[PDB]
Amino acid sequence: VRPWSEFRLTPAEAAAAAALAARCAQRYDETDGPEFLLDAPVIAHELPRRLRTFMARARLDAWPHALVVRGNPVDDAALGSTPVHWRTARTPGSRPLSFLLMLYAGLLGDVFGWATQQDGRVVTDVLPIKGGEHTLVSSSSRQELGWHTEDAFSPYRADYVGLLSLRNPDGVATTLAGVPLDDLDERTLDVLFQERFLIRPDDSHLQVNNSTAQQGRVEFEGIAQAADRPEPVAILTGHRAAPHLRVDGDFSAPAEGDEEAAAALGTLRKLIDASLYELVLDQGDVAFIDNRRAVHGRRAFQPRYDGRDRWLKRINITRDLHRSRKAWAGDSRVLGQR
């Protein structure tokens, strides 16, 4: 069995999808422009029908932790070297694949970015940054990226996180875990459903991990409020037989002095640690991780820094953009508050 839903493109289907993305790259200036943001969901209707059927059906299944699409061709010579930083990572060689990721994402929902993450970009980059090996952000390497709900601190966090592997020569594993419902006793479950936990914003939302500019500066103040004064929230929500999950192994805490909540979180930690499994995104594989059913991370790896490091394109997806309307900057798709 597999805890995720998987689809493998035929070479013909993969070529057709690539051709469509290349056409988009020819017609539009960038992926994050207002034009392509609006058009991509409709252009995505031209993708191979079997893939559209998979994405429409698999999203509605009750069980999978992710939707995985294998077999998108990538030519390393055409792609070029892995960027040394996300700032300069919008290379011409990676451009068609960025368009491709957004097309696939459009079949699942409304894409968006954060003003406080990688300069408000919608399509972001995951790659190892020299000197940042032992950090809590996606550009880490030597230190394992601990399991987490994406942007757990925020009520506007994605429903799906898309990851497209541009290259991964050494097969470094993405980690995943669902709610450990087979082992959570009812008392512990009861406590996890109560608003007795604190969840602060991760380090990617700090100014230090963004470019030196006034572009999207006011949104960093809302990150500070979330870090300094986190209101108590629940870890589990919804149906007790299939709960949605909101937790971060490195940024979650119990409400101050609440030892019963602490015990529940401690138990949850051990159960997620013990059930954590691996998904290897080989070059050309795309995963859309269900950010409500599963937490995810990335195994520790030794970075190369020789031009062929592991490199993913990444995108946040929500089923309903209007859920985050308080955090809207304007007509843009870049979220944040004060």
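Residue numbers here begin at 1 and follow the sequence given.
Chemist: Tell me which of 231-239 and 122-130 has the higher mean C-alpha B-factor in the deposited entry.
Modeler: Higher mean C-alpha B-factor: 231-239.
Chemist: Return whichever of 29-37 and 52-60 has the greater mean Cα B factor according to the PDB record.
Modeler: Taking the mean B-factor of the alpha carbons in each, 29-37 is higher.
Chemist: For the C-alpha B-factor as written in the entry, point me to the maximum among 175, 225, 98, 81.
Modeler: It is 225.
Chemist: From 167, 157, 87, 148, pick the one with the largest CA B-factor in the entry?
Modeler: Reading the PDB entry, the winner on C-alpha B-factor is 87.
Chemist: If you rank the chain by CA B-factor, which third does residue 207 end up in: lowest, middle or highest?
Modeler: According to the entry, residue 207 has a C-alpha B-factor in the chain's highest third.
Chemist: Which third of the chain holds residue 215 when residues are ordered by C-alpha B factor: lowest, middle or highest?
Modeler: Tercile = highest for this residue's CA B-factor.
Chemist: Relative to the other modelled residues in the chain, which third contains the C-alpha temperature factor of residue 106: lowest, middle or highest?
Modeler: It belongs to the lowest third of the chain when residues are ordered by C-alpha B-factor.
Chemist: Comparing against every modelled residue in the chain, figure out the third that the C-alpha B-factor of residue 92 lands in (lowest, middle or highest).
Modeler: Middle third.
Chemist: Can you work out whether the C-alpha temperature factor of residue 329 puts it in the lowest, middle or highest third of the chain?
Modeler: According to the entry, residue 329 has a C-alpha B-factor in the chain's highest third.
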